[PDB]
file query.txt (compact mmCIF, N, CA, C and O atoms)
# COMPACT_ATOMS: atom_id res chain seq x y z
N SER N 640 -113.83 71.32 23.20
CA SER N 640 -112.56 70.84 23.73
C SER N 640 -112.73 70.02 25.00
O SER N 640 -111.78 69.90 25.79
N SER N 641 -113.92 69.45 25.23
CA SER N 641 -114.18 68.62 26.39
C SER N 641 -114.11 67.13 26.08
O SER N 641 -114.33 66.31 26.98
N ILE N 642 -113.79 66.76 24.83
CA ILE N 642 -113.70 65.36 24.45
C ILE N 642 -112.55 64.63 25.12
O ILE N 642 -112.44 63.40 24.98
N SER N 643 -111.65 65.36 25.79
CA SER N 643 -110.58 64.80 26.61
C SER N 643 -109.44 64.27 25.74
O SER N 643 -109.57 64.21 24.51
N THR N 644 -108.33 63.89 26.37
CA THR N 644 -107.14 63.45 25.65
C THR N 644 -106.61 62.16 26.24
O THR N 644 -107.27 61.53 27.07
N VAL N 645 -105.41 61.75 25.83
CA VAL N 645 -104.79 60.51 26.29
C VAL N 645 -103.40 60.84 26.81
O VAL N 645 -102.57 61.41 26.08
N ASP N 646 -103.14 60.49 28.07
CA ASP N 646 -101.83 60.71 28.69
C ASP N 646 -101.00 59.44 28.53
O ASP N 646 -100.87 58.62 29.44
N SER N 647 -100.43 59.28 27.34
CA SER N 647 -99.68 58.08 27.01
C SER N 647 -98.24 58.13 27.50
O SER N 647 -97.53 57.12 27.39
N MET N 648 -97.78 59.26 28.03
CA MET N 648 -96.40 59.37 28.48
C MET N 648 -96.17 58.51 29.71
O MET N 648 -96.93 58.57 30.68
N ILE N 649 -95.12 57.69 29.67
CA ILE N 649 -94.74 56.85 30.79
C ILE N 649 -93.76 57.64 31.64
O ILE N 649 -92.63 57.90 31.22
N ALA N 650 -94.18 58.03 32.84
CA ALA N 650 -93.36 58.89 33.68
C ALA N 650 -92.10 58.16 34.12
O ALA N 650 -92.16 57.03 34.62
N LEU N 651 -90.95 58.81 33.94
CA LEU N 651 -89.66 58.31 34.39
C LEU N 651 -88.89 59.42 35.08
O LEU N 651 -87.71 59.68 34.81
N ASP N 652 -89.56 60.13 35.98
CA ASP N 652 -88.93 61.20 36.73
C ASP N 652 -88.03 60.61 37.80
O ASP N 652 -88.50 60.06 38.80
N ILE N 653 -86.72 60.70 37.58
CA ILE N 653 -85.73 60.19 38.52
C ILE N 653 -85.12 61.38 39.25
O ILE N 653 -84.48 62.24 38.63
N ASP N 654 -85.32 61.44 40.56
CA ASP N 654 -84.84 62.57 41.34
C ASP N 654 -83.31 62.57 41.36
O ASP N 654 -82.69 61.52 41.49
N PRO N 655 -82.68 63.74 41.24
CA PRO N 655 -81.22 63.80 41.33
C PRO N 655 -80.74 63.46 42.74
O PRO N 655 -81.45 63.65 43.73
N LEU N 656 -79.52 62.94 42.81
CA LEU N 656 -78.93 62.60 44.10
C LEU N 656 -78.57 63.87 44.85
O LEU N 656 -77.83 64.71 44.35
N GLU N 657 -79.11 64.01 46.06
CA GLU N 657 -78.90 65.22 46.84
C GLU N 657 -77.45 65.35 47.28
O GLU N 657 -76.76 64.35 47.53
N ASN N 658 -76.99 66.59 47.36
CA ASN N 658 -75.61 66.86 47.74
C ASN N 658 -75.40 66.59 49.23
O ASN N 658 -76.30 66.78 50.05
N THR N 659 -74.19 66.15 49.57
CA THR N 659 -73.84 65.81 50.94
C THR N 659 -72.48 66.41 51.27
O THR N 659 -71.48 66.05 50.65
N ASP N 660 -72.46 67.32 52.24
CA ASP N 660 -71.21 67.92 52.72
C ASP N 660 -70.75 67.10 53.92
O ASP N 660 -71.30 67.21 55.01
N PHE N 661 -69.72 66.28 53.71
CA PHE N 661 -69.26 65.37 54.75
C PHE N 661 -68.61 66.15 55.89
O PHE N 661 -67.77 67.03 55.66
N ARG N 662 -68.99 65.82 57.12
CA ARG N 662 -68.42 66.45 58.29
C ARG N 662 -67.03 65.89 58.57
O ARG N 662 -66.72 64.74 58.26
N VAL N 663 -66.19 66.73 59.17
CA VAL N 663 -64.88 66.28 59.67
C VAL N 663 -65.10 65.85 61.11
O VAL N 663 -64.91 66.60 62.07
N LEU N 664 -65.54 64.60 61.27
CA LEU N 664 -65.85 64.08 62.60
C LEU N 664 -64.58 63.93 63.43
O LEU N 664 -63.55 63.44 62.94
N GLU N 665 -64.66 64.33 64.69
CA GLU N 665 -63.54 64.23 65.62
C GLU N 665 -64.04 63.51 66.87
O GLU N 665 -64.92 64.02 67.57
N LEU N 666 -63.47 62.34 67.15
CA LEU N 666 -63.93 61.55 68.29
C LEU N 666 -63.36 62.10 69.59
O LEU N 666 -64.11 62.50 70.49
N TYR N 667 -62.04 62.13 69.71
CA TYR N 667 -61.37 62.66 70.89
C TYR N 667 -60.70 63.98 70.55
O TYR N 667 -59.95 64.07 69.57
N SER N 668 -60.97 65.01 71.35
CA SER N 668 -60.30 66.28 71.18
C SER N 668 -58.84 66.17 71.61
O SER N 668 -58.43 65.21 72.27
N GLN N 669 -58.05 67.17 71.21
CA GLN N 669 -56.62 67.14 71.52
C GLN N 669 -56.38 67.17 73.03
O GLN N 669 -55.39 66.60 73.51
N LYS N 670 -57.26 67.83 73.78
CA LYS N 670 -57.11 67.86 75.23
C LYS N 670 -57.21 66.46 75.83
O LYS N 670 -56.41 66.08 76.68
N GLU N 671 -58.19 65.67 75.37
CA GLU N 671 -58.32 64.30 75.87
C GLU N 671 -57.14 63.44 75.43
O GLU N 671 -56.67 62.59 76.20
N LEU N 672 -56.66 63.65 74.21
CA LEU N 672 -55.50 62.89 73.74
C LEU N 672 -54.27 63.18 74.58
O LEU N 672 -53.48 62.28 74.87
N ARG N 673 -54.08 64.44 74.98
CA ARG N 673 -52.96 64.76 75.85
C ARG N 673 -53.20 64.29 77.28
O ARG N 673 -52.24 64.00 78.00
N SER N 674 -54.46 64.21 77.71
CA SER N 674 -54.79 63.78 79.06
C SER N 674 -54.97 62.27 79.18
O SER N 674 -55.33 61.79 80.26
N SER N 675 -54.74 61.52 78.10
CA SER N 675 -54.89 60.07 78.12
C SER N 675 -53.59 59.34 78.42
O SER N 675 -53.39 58.22 77.94
N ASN N 676 -52.70 59.95 79.20
CA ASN N 676 -51.39 59.38 79.48
C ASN N 676 -51.15 59.35 80.98
O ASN N 676 -51.47 60.31 81.69
N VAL N 677 -50.59 58.24 81.46
CA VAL N 677 -50.18 58.17 82.86
C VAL N 677 -49.01 59.11 83.12
O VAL N 677 -48.96 59.78 84.15
N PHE N 678 -48.06 59.17 82.19
CA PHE N 678 -46.90 60.03 82.30
C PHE N 678 -46.98 61.12 81.24
O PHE N 678 -47.20 60.82 80.06
N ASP N 679 -46.80 62.37 81.65
CA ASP N 679 -46.68 63.49 80.73
C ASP N 679 -45.26 64.01 80.78
O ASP N 679 -44.71 64.23 81.86
N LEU N 680 -44.66 64.22 79.60
CA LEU N 680 -43.25 64.59 79.55
C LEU N 680 -43.04 66.03 80.01
O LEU N 680 -42.05 66.33 80.70
N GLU N 681 -43.94 66.94 79.63
CA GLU N 681 -43.79 68.33 80.02
C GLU N 681 -43.84 68.49 81.54
O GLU N 681 -43.04 69.24 82.11
N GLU N 682 -44.78 67.81 82.20
CA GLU N 682 -44.86 67.88 83.65
C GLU N 682 -43.59 67.35 84.31
O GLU N 682 -43.07 67.95 85.26
N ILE N 683 -43.09 66.21 83.82
CA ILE N 683 -41.88 65.62 84.39
C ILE N 683 -40.71 66.58 84.25
O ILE N 683 -39.94 66.80 85.19
N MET N 684 -40.55 67.18 83.06
CA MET N 684 -39.45 68.10 82.84
C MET N 684 -39.59 69.35 83.70
O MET N 684 -38.60 69.87 84.22
N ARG N 685 -40.82 69.87 83.85
CA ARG N 685 -41.02 71.04 84.69
C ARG N 685 -40.68 70.73 86.15
O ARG N 685 -40.07 71.56 86.83
N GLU N 686 -41.07 69.55 86.63
CA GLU N 686 -40.75 69.19 88.01
C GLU N 686 -39.25 69.01 88.20
O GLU N 686 -38.70 69.42 89.23
N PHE N 687 -38.58 68.40 87.22
CA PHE N 687 -37.12 68.27 87.29
C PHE N 687 -36.45 69.64 87.30
O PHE N 687 -35.51 69.88 88.07
N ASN N 688 -36.93 70.56 86.46
CA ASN N 688 -36.37 71.90 86.42
C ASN N 688 -36.58 72.63 87.74
O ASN N 688 -35.67 73.31 88.23
N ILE D 103 -111.84 61.28 23.91
CA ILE D 103 -110.57 60.60 23.67
C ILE D 103 -109.98 61.05 22.34
O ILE D 103 -110.44 60.64 21.28
N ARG D 104 -108.95 61.89 22.41
CA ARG D 104 -108.34 62.45 21.20
C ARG D 104 -106.90 62.83 21.53
O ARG D 104 -106.68 63.74 22.34
N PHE D 105 -105.94 62.13 20.93
CA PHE D 105 -104.54 62.46 21.12
C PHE D 105 -104.27 63.91 20.73
O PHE D 105 -104.73 64.38 19.69
N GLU D 106 -103.52 64.62 21.58
CA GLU D 106 -103.28 66.05 21.40
C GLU D 106 -101.80 66.40 21.54
O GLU D 106 -101.47 67.57 21.80
N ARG D 107 -100.91 65.43 21.38
CA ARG D 107 -99.46 65.63 21.53
C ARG D 107 -99.14 66.21 22.91
O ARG D 107 -98.58 67.30 23.04
N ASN D 108 -99.51 65.45 23.94
CA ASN D 108 -99.33 65.91 25.31
C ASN D 108 -97.85 66.01 25.68
O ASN D 108 -97.46 66.91 26.44
N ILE D 109 -97.02 65.12 25.15
CA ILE D 109 -95.62 65.04 25.56
C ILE D 109 -94.85 66.17 24.90
O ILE D 109 -94.73 66.23 23.67
N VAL D 110 -94.31 67.07 25.72
CA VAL D 110 -93.43 68.14 25.26
C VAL D 110 -92.12 67.97 26.01
O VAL D 110 -91.97 68.45 27.15
N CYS D 111 -91.16 67.28 25.39
CA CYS D 111 -89.97 66.83 26.11
C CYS D 111 -89.10 68.00 26.56
O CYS D 111 -88.68 68.06 27.72
N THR D 112 -88.82 68.93 25.65
CA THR D 112 -87.86 70.02 25.86
C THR D 112 -86.53 69.37 26.27
O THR D 112 -86.05 68.49 25.55
N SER D 113 -85.93 69.75 27.39
CA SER D 113 -84.70 69.12 27.85
C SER D 113 -84.56 69.23 29.36
O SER D 113 -83.45 69.25 29.89
N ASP D 120 -65.81 74.82 33.33
CA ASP D 120 -66.81 74.11 34.11
C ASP D 120 -67.62 75.10 34.94
O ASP D 120 -67.95 76.19 34.45
N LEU D 121 -67.95 74.74 36.18
CA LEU D 121 -68.69 75.65 37.05
C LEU D 121 -67.88 76.90 37.35
O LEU D 121 -68.28 78.02 36.99
N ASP D 122 -66.72 76.73 37.99
CA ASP D 122 -65.74 77.81 38.14
C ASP D 122 -64.36 77.16 38.11
O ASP D 122 -63.83 76.75 39.14
N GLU D 123 -63.78 77.07 36.91
CA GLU D 123 -62.41 76.59 36.79
C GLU D 123 -61.45 77.65 37.33
O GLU D 123 -61.70 78.85 37.24
N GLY D 124 -60.35 77.19 37.91
CA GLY D 124 -59.40 78.12 38.48
C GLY D 124 -58.16 77.43 39.00
O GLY D 124 -57.97 76.23 38.82
N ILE D 125 -57.33 78.23 39.65
CA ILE D 125 -56.07 77.79 40.24
C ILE D 125 -56.21 77.85 41.75
O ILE D 125 -56.77 78.81 42.29
N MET D 126 -55.69 76.83 42.44
CA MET D 126 -55.79 76.74 43.89
C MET D 126 -54.41 76.48 44.47
O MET D 126 -53.60 75.76 43.88
N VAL D 127 -54.13 77.09 45.62
CA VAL D 127 -52.92 76.83 46.38
C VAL D 127 -53.33 76.56 47.82
O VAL D 127 -53.99 77.39 48.44
N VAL D 128 -52.93 75.40 48.35
CA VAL D 128 -53.38 74.93 49.65
C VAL D 128 -52.20 74.99 50.61
O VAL D 128 -51.16 74.37 50.36
N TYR D 129 -52.39 75.74 51.70
CA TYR D 129 -51.43 75.91 52.77
C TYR D 129 -51.92 75.16 54.00
O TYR D 129 -53.10 75.22 54.35
N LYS D 130 -51.00 74.47 54.67
CA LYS D 130 -51.30 73.77 55.91
C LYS D 130 -50.83 74.59 57.10
O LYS D 130 -49.99 75.48 56.98
N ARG D 131 -51.38 74.27 58.27
CA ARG D 131 -50.93 74.91 59.50
C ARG D 131 -49.53 74.43 59.85
O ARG D 131 -49.19 73.26 59.68
N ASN D 132 -48.71 75.35 60.35
CA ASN D 132 -47.33 75.03 60.67
C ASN D 132 -47.24 74.41 62.06
O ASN D 132 -47.74 74.97 63.03
N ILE D 133 -46.60 73.24 62.14
CA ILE D 133 -46.41 72.56 63.42
C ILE D 133 -44.96 72.51 63.85
O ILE D 133 -44.68 72.06 64.98
N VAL D 134 -44.02 72.93 63.01
CA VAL D 134 -42.61 72.93 63.38
C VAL D 134 -42.38 73.96 64.48
O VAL D 134 -42.72 75.14 64.32
N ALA D 135 -41.81 73.52 65.59
CA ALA D 135 -41.53 74.43 66.69
C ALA D 135 -40.38 75.36 66.34
O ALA D 135 -39.43 74.98 65.66
N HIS D 136 -40.48 76.60 66.81
CA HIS D 136 -39.43 77.59 66.57
C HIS D 136 -38.20 77.22 67.39
O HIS D 136 -38.28 77.06 68.62
N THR D 137 -37.06 77.08 66.72
CA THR D 137 -35.81 76.66 67.35
C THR D 137 -34.80 77.79 67.29
O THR D 137 -34.41 78.24 66.21
N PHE D 138 -34.36 78.26 68.46
CA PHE D 138 -33.32 79.26 68.57
C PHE D 138 -32.15 78.71 69.39
O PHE D 138 -32.14 77.54 69.79
N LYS D 139 -31.17 79.57 69.66
CA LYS D 139 -29.91 79.17 70.28
C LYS D 139 -29.79 79.84 71.64
O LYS D 139 -29.85 81.07 71.73
N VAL D 140 -29.62 79.04 72.69
CA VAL D 140 -29.49 79.53 74.06
C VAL D 140 -28.07 79.25 74.55
O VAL D 140 -27.56 78.14 74.40
N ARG D 141 -27.46 80.27 75.16
CA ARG D 141 -26.11 80.16 75.71
C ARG D 141 -26.21 80.05 77.23
O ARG D 141 -26.74 80.96 77.88
N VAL D 142 -25.68 78.98 77.79
CA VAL D 142 -25.79 78.68 79.21
C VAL D 142 -24.42 78.87 79.85
O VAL D 142 -23.48 78.15 79.51
N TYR D 143 -24.31 79.84 80.76
CA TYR D 143 -23.07 80.04 81.50
C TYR D 143 -23.21 79.46 82.90
O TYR D 143 -24.16 79.79 83.62
N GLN D 144 -22.27 78.60 83.30
CA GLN D 144 -22.35 78.02 84.64
C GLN D 144 -20.97 77.62 85.14
O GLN D 144 -20.09 77.26 84.36
N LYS D 145 -20.81 77.66 86.46
CA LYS D 145 -19.56 77.29 87.11
C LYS D 145 -19.76 76.04 87.97
O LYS D 145 -20.80 75.89 88.63
N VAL D 146 -18.80 75.13 87.92
CA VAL D 146 -18.85 73.87 88.64
C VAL D 146 -17.76 73.87 89.70
O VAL D 146 -16.57 73.94 89.38
N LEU D 147 -18.15 73.80 90.97
CA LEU D 147 -17.22 73.73 92.09
C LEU D 147 -17.27 72.32 92.67
O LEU D 147 -18.30 71.91 93.20
N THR D 148 -16.16 71.60 92.57
CA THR D 148 -16.09 70.22 93.02
C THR D 148 -15.42 70.13 94.38
O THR D 148 -14.89 71.10 94.92

call {"tool": "encode", "arguments": {"input": "query.txt", "output": "structure tokens"}}
result
Amino acid sequence: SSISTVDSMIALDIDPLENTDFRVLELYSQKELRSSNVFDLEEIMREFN
Amino acid sequence: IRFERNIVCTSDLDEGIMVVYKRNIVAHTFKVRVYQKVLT
């Protein structure tokens, strides 16, 4: 059994596409969104009260 | 060199019902009674 063989198979191993769990990216937090104002309504109303 | 039949080819997930709830953003609204006197 040493006479050897022939590997005639043409390899076409295509790797599967890996799974991707997309992140819920957040650029500005809610604190920055509330702090991005020259005038805040809650502060004005509290001062008036 | 002797062909020996090297090639041996050989060869839902969880269906179900879903109900999606969102976070509530509606502010709680109640009724306030204001008693006051006006002296002019």

call {"tool": "atom_distance", "arguments": {"input": "query.txt", "atom1": "atom CA of residue 648 of chain N", "atom2": "atom CA of residue 109 of chain D"}}
result
6.4 Å

call {"tool": "interface_residues", "arguments": {"input": "query.txt", "of": "chain D", "to": "chain N", "cutoff": "8 Å", "atoms": "all atoms listed in the file", "output": "VMD selection string"}}
result
chain D and resid 103 to 109

call {"tool": "select_by_dssp", "arguments": {"input": "query.txt", "residues": "chain N", "states": "helix (DSSP H, G or I)", "output": "PyMOL selection string"}}
result
chain N and resi 669-673+680-687

call {"tool": "atom_distance", "arguments": {"input": "query.txt", "atom1": "atom C of residue 688 of chain N", "atom2": "atom CA of residue 133 of chain D"}}
result
26.2 Å

call {"tool": "axis_aligned_box", "arguments": {"input": "query.txt", "around": "segment 128-145 of chain D", "padding_each_side": "4 Å", "output": "JSON"}}
result
{"center_x": -36.5, "center_y": 76.6, "center_z": 68.5, "size_x": 41.8, "size_y": 17.0, "size_z": 48.3}

call {"tool": "atom_distance", "arguments": {"input": "query.txt", "atom1": "atom CA of residue 120 of chain D", "atom2": "atom CA of residue 661 of chain N"}}
result
22.5 Å
